[PDB]
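Have a look at the structure below before the remarks.
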Amino acid sequence: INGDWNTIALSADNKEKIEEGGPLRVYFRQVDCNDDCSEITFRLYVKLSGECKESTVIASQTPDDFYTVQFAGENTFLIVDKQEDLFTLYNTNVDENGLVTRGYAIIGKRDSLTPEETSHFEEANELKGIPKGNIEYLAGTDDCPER
């Protein structure tokens, strides 16, 4: 499931991590899977201190279909959904200070969700404790490059 992808929306119980400036407000660029997807390489940008910080990271599949990646702390995410033009993740981020920020991340080829996909995502968030308000839609706020 390789290619050039875009972050459509992000969510977090601690919204600050995905707000403009937070380390988890991640605008994706590439999601390259290996042969059996036991490792996924992610090229992505994060606006931090007014800088578009590029990162290229590997997420390895544990023996339980979960994925561990080091990025702004220890992260453990599952692929909650996977369609032809979209896919969602539910990550548990443990930053340097031990704060556990759990949340969702929709990544796809388009820049926005349909009305049906939107309500479904809102339900999934409130269901997993995250409020409807703690959902940032990164559409139109991607002022980073591909260098």
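By order of appearance in the structure tokens: chains A, B, ..., then residues from 1 within every chain, and ligands from 1 in the order shown.
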
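Contact shell of residue 66 in chain A at 9 Å (only C-alpha atoms; same-chain neighbours under 2 positions omitted): residues 60, 61, 62, 63, 64, 68, 76, 77, 78 and 79 of chain A.
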
Would you list, as a count of residues only, the residues of range 8-62 of chain A that end up in helix (DSSP H, G or I) under DSSP run on this structure's backbone?
-> 4

Spatial neighbours of residue 135 in chain A, 8 Å, only C-alpha atoms, chain gap at least 4 places, as a list in words =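 Skipping anything fewer than 4 positions along the chain leaves residues 9, 10, 11, 12, 15 and 131 of chain A.
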
Restricted to N, CA and C atoms, what would the selected residues look like written as a PDB file, in the first residue's frame?
```pdb
ATOM      1  N   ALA A   9      -7.421  14.266   8.569  1.00  0.00           N
ATOM      2  CA  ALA A   9      -7.816  14.723   9.899  1.00  0.00           C
ATOM      3  C   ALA A   9      -7.027  14.008  10.989  1.00  0.00           C
ATOM      4  N   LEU A  10      -6.894  14.661  12.149  1.00  0.00           N
ATOM      5  CA  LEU A  10      -6.227  14.119  13.326  1.00  0.00           C
ATOM      6  C   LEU A  10      -7.115  14.339  14.530  1.00  0.00           C
ATOM      7  N   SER A  11      -6.969  13.494  15.542  1.00  0.00           N
ATOM      8  CA  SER A  11      -7.715  13.641  16.780  1.00  0.00           C
ATOM      9  C   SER A  11      -6.855  13.208  17.976  1.00  0.00           C
ATOM     10  N   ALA A  12      -7.106  13.814  19.139  1.00  0.00           N
ATOM     11  CA  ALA A  12      -6.351  13.519  20.352  1.00  0.00           C
ATOM     12  C   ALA A  12      -7.144  13.915  21.582  1.00  0.00           C
ATOM     13  N   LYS A  15      -5.862  17.655  22.940  1.00  0.00           N
ATOM     14  CA  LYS A  15      -5.883  18.359  21.648  1.00  0.00           C
ATOM     15  C   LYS A  15      -4.620  19.155  21.331  1.00  0.00           C
ATOM     16  N   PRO A 131     -13.307  13.885  22.435  1.00  0.00           N
ATOM     17  CA  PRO A 131     -14.475  14.688  22.014  1.00  0.00           C
ATOM     18  C   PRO A 131     -14.508  15.038  20.531  1.00  0.00           C
TER      19      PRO A 131
END
```

Which one is closest to residue 2 in chain A: A:56, A:34, A:125, A:75? Count only C-alpha atoms.
->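 Looking only at the distances to residue 2 in chain A, the closest residue turns out to be A:34.
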
Which residues of range 26-69 of chain A have any atom within 8 Å of an atom in range 141-145 of chain A when counting only C-alpha atoms, and what is the closest pair of atoms for each, with the distance in Å to one decimal? Order the rows by chain and rising number and write it as JSON lines.
```
{"residue": "A:27", "atom": "CA", "partner": "A:142", "partner_atom": "CA", "distance": 6.8}
{"residue": "A:45", "atom": "CA", "partner": "A:144", "partner_atom": "CA", "distance": 6.9}
{"residue": "A:47", "atom": "CA", "partner": "A:144", "partner_atom": "CA", "distance": 7.8}
{"residue": "A:52", "atom": "CA", "partner": "A:144", "partner_atom": "CA", "distance": 5.7}
```

Two-atom distance - CA of residue 110 in chain A, CA of residue 40 in chain A (Å) |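 Rounded to one decimal, the two atoms are 20.3 Å apart.
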
Extract, using only C-alpha atoms, all DNA, RNA and protein residues at most 9 Å from residue 111 in chain A, discarding same-chain residues fewer than 6 positions from it, and format them as a list in words.
->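 So, after excluding close chain neighbours, the residues are residues 6, 7, 8, 9, 137, 138, 139 and 140 of chain A.
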
Enumerate as number ranges by chain all residues of chain A assigned to strand (DSSP E or B) by DSSP on the backbone, naming them with the chain letters and numbers the document uses.
-> A: 6-11, 26-33, 39-48, 51-61, 67-70, 74-82, 86-94, 100-108, 135-136

Would you save the residues from that selection as a short mmCIF file (atom, residue, chain, number, x, y, z; two decimals), in the first residue's frame, using C-alpha atoms?
```
data_model
loop_
_atom_site.label_atom_id
_atom_site.label_comp_id
_atom_site.auth_asym_id
_atom_site.auth_seq_id
_atom_site.Cartn_x
_atom_site.Cartn_y
_atom_site.Cartn_z
CA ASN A 6 -2.08 13.47 2.67
CA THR A 7 -3.32 13.76 6.28
CA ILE A 8 -7.09 14.41 6.14
CA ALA A 9 -7.82 14.72 9.90
CA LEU A 10 -6.23 14.12 13.33
CA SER A 11 -7.71 13.64 16.78
CA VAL A 26 1.67 15.64 11.26
CA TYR A 27 1.10 16.41 7.55
CA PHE A 28 1.93 13.15 5.72
CA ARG A 29 3.78 12.87 2.40
CA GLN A 30 4.53 9.15 1.74
CA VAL A 31 3.42 5.85 3.28
CA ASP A 32 5.60 3.06 1.85
CA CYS A 33 4.86 -0.50 3.03
CA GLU A 39 7.49 -2.24 8.48
CA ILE A 40 5.91 0.97 7.04
CA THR A 41 8.15 3.92 6.14
CA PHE A 42 6.43 7.31 6.69
CA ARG A 43 7.74 10.57 5.23
CA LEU A 44 5.97 13.50 6.96
CA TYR A 45 6.29 17.16 7.97
CA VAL A 46 5.49 18.87 11.31
CA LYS A 47 5.34 22.66 11.76
CA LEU A 48 7.45 23.19 14.95
CA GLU A 51 9.86 25.36 10.80
CA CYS A 52 8.60 22.58 8.51
CA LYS A 53 10.50 19.69 10.10
CA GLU A 54 10.69 16.67 7.74
CA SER A 55 10.88 13.18 9.18
CA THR A 56 11.19 9.70 7.61
CA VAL A 57 10.27 6.97 10.18
CA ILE A 58 9.76 3.15 10.30
CA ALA A 59 6.78 1.57 12.12
CA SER A 60 7.32 -2.15 12.89
CA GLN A 61 4.50 -4.67 13.31
CA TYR A 67 2.75 -0.96 15.09
CA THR A 68 5.52 0.67 17.16
CA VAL A 69 7.32 3.79 15.92
CA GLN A 70 9.55 6.35 17.66
CA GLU A 74 6.95 6.04 21.95
CA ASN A 75 3.90 5.40 19.68
CA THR A 76 1.76 2.25 19.33
CA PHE A 77 -0.95 2.38 16.62
CA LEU A 78 -3.35 -0.04 14.89
CA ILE A 79 -4.76 0.31 11.32
CA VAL A 80 -8.44 0.79 12.33
CA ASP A 81 -9.64 1.06 8.70
CA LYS A 82 -8.16 0.65 5.20
CA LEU A 86 -8.13 6.20 2.63
CA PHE A 87 -6.94 4.55 5.90
CA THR A 88 -7.20 5.39 9.63
CA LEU A 89 -4.91 4.85 12.67
CA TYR A 90 -5.48 4.88 16.43
CA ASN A 91 -2.19 5.81 18.13
CA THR A 92 -1.13 5.95 21.83
CA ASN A 93 1.71 8.55 22.14
CA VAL A 94 3.93 8.54 25.29
CA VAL A 100 -0.24 9.50 27.16
CA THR A 101 -2.00 11.22 24.25
CA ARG A 102 -4.25 8.69 22.48
CA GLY A 103 -6.02 9.64 19.25
CA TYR A 104 -6.94 8.94 15.63
CA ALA A 105 -5.30 9.88 12.30
CA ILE A 106 -6.97 9.66 8.84
CA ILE A 107 -4.55 9.49 5.89
CA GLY A 108 -5.68 9.34 2.26
CA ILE A 135 -10.62 16.82 15.70
CA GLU A 136 -8.29 19.00 13.58
#
```
